[PDB]
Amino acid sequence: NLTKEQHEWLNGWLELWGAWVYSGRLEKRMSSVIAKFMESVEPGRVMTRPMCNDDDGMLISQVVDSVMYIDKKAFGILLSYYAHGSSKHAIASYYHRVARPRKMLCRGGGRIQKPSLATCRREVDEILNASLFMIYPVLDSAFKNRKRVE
């Protein structure tokens, strides 16, 4: 996990980027995942959250896509949380509803069972923390590189 300070920093940036993405300002060509996600929402919503400028939005989008494309589930969770603004409970409840049976090595032997809501919620928290951990060095380097050259 990121430090507390790294986490506050990256979380703030991803809140601004998520509002920017949600407003529809990312070219579909920049990320098939984000484009499909934005298709899946509801048009006609008002904007209630501040966003970053377009340069920062594009940069963060490029970073996020280059890191998260490998794990479409984690990417979608990240977008639900930051772009759609869905709570962690809402995200976890969706995945609980659609969860597949799992092989669980419980005390005494294995059994087949779908995961509990608490399990799904813990996993959503873990996935968000892991995504931020993977994004952080790439975004930090991206901002630093931009300033260094420009």
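Position 1 is the first residue in the sequence shown; the rest follow in order.
- For the pair 78 to 86 and 57 to 65, the mean Cα B-factor is higher in 57 to 65.
- As the entry records it, the average C-alpha temperature factor is higher for 132 to 140, out of 132 to 140 and 9 to 17.
- Which of 91, 117, 38, 52 has the largest Cα B-factor in the deposited entry comes down to 38.
- Looking at 46, 99, 124, 112, the one whose CA carries the top B-factor in the deposited record is 46.
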